[PDB]
$ cat target.txt   # compact mmCIF, C-alpha atoms
# COMPACT_ATOMS: atom_id res chain seq x y z
CA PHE A 20 0.00 0.00 0.00
CA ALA A 21 1.07 3.59 -0.47
CA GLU A 22 3.25 2.46 -3.34
CA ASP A 23 3.33 5.93 -4.94
CA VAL A 24 2.32 8.82 -2.71
CA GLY A 25 3.27 12.37 -3.50
CA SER A 26 2.53 13.96 -0.19
CA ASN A 27 1.14 12.37 2.90
CA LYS A 28 0.09 14.84 5.54
CA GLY A 29 -2.49 12.49 6.99
CA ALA A 30 -2.50 8.83 7.89
CA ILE A 31 -2.06 5.85 5.59
CA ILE A 32 -2.44 2.72 7.67
CA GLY A 33 -2.25 -0.87 6.54
CA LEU A 34 -3.16 -3.37 9.23
CA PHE B 20 -4.51 0.08 -1.58
CA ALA B 21 -3.44 3.67 -2.06
CA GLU B 22 -1.26 2.54 -4.92
CA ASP B 23 -1.18 6.01 -6.53
CA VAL B 24 -2.19 8.90 -4.30
CA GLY B 25 -1.24 12.45 -5.09
CA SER B 26 -1.98 14.04 -1.77
CA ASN B 27 -3.37 12.44 1.31
CA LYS B 28 -4.42 14.92 3.96
CA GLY B 29 -7.00 12.56 5.40
CA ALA B 30 -7.01 8.91 6.31
CA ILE B 31 -6.57 5.93 4.01
CA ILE B 32 -6.94 2.80 6.08
CA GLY B 33 -6.76 -0.79 4.96
CA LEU B 34 -7.67 -3.29 7.65
CA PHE C 20 4.51 -0.08 1.58
CA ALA C 21 5.58 3.51 1.11
CA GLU C 22 7.75 2.38 -1.75
CA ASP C 23 7.84 5.85 -3.36
CA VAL C 24 6.83 8.75 -1.13
CA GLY C 25 7.78 12.29 -1.92
CA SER C 26 7.04 13.88 1.40
CA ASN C 27 5.65 12.29 4.48
CA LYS C 28 4.60 14.76 7.13
CA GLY C 29 2.02 12.41 8.57
CA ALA C 30 2.01 8.75 9.48
CA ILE C 31 2.45 5.77 7.18
CA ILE C 32 2.07 2.64 9.25
CA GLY C 33 2.26 -0.95 8.13
CA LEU C 34 1.35 -3.44 10.82
CA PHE D 20 9.02 -0.16 3.17
CA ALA D 21 10.08 3.43 2.70
CA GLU D 22 12.26 2.30 -0.17
CA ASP D 23 12.35 5.77 -1.77
CA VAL D 24 11.34 8.67 0.46
CA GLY D 25 12.29 12.21 -0.33
CA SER D 26 11.54 13.80 2.98
CA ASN D 27 10.15 12.21 6.07
CA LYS D 28 9.11 14.69 8.71
CA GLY D 29 6.53 12.33 10.16
CA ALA D 30 6.52 8.67 11.06
CA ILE D 31 6.96 5.69 8.76
CA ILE D 32 6.58 2.56 10.84
CA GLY D 33 6.77 -1.03 9.71
CA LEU D 34 5.86 -3.52 12.40
CA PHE E 20 13.53 -0.23 4.75
CA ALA E 21 14.59 3.36 4.28
CA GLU E 22 16.77 2.23 1.42
CA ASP E 23 16.86 5.69 -0.19
CA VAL E 24 15.84 8.59 2.04
CA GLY E 25 16.80 12.14 1.25
CA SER E 26 16.05 13.73 4.57
CA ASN E 27 14.66 12.13 7.65
CA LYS E 28 13.62 14.61 10.29
CA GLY E 29 11.04 12.25 11.74
CA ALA E 30 11.03 8.59 12.64
CA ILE E 31 11.47 5.62 10.35
CA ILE E 32 11.09 2.49 12.42
CA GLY E 33 11.28 -1.10 11.30
CA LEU E 34 10.37 -3.60 13.99

$ encode --input "target.txt" --output "structure tokens"
Amino acid sequence: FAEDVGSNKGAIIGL
Amino acid sequence: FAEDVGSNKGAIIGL
Amino acid sequence: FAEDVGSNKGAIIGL
Amino acid sequence: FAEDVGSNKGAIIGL
Amino acid sequence: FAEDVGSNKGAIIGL
């Protein structure tokens, strides 16, 4: 997940 | 999930 | 996860 | 994870 | 993890 993210200012969570 | 995200300012959650 | 991230100012969490 | 990160000012956590 | 990081001002944690 989140393989290609420009900007993360929040939360990207893989459980 | 979230393979290609420009900007994440919120929450992307994969449970 | 987070294979290609430009800027992370938030949280990217892989559990 | 975090294979290619430009700037990390937040948290990138792989558990 | 963190194979290629330009700047880390935060936390990159691999447990």

$ residues_near_point --input "target.txt" --point "(1.3, 12.8, 0.6)" --cutoff "9 Å" --atoms "all atoms listed in the file" --output "ChimeraX atom specification"
/A:24-29 /B:24-28 /C:24-29

$ closest_atom_pairs --input "target.txt" --of "chain C" --to "segment 31-34 of chain A" --cutoff "10 Å" --atoms "all atoms listed in the file" --output "Markdown table"
| residue | atom | partner | partner_atom | distance |
| --- | --- | --- | --- | --- |
| C:20 | CA | A:33 | CA | 8.4 |
| C:21 | CA | A:31 | CA | 9.2 |
| C:29 | CA | A:31 | CA | 8.3 |
| C:30 | CA | A:31 | CA | 6.3 |
| C:31 | CA | A:31 | CA | 4.8 |
| C:32 | CA | A:32 | CA | 4.8 |
| C:33 | CA | A:33 | CA | 4.8 |
| C:34 | CA | A:34 | CA | 4.8 |

$ axis_aligned_box --input "target.txt" --around "chain D" --padding-each-side "8 Å" --output "AutoDock Vina command-line options"
--center_x 9.1 --center_y 5.6 --center_z 5.3 --size_x 22.5 --size_y 34.2 --size_z 30.2

$ residues_around --input "target.txt" --residues "residue 23 of chain D" --least-positions-apart "4" --cutoff "6 Å" --atoms "all atoms listed in the file" --output "VMD selection string"
(chain C and resid 22 to 23) or (chain E and resid 23 to 24)
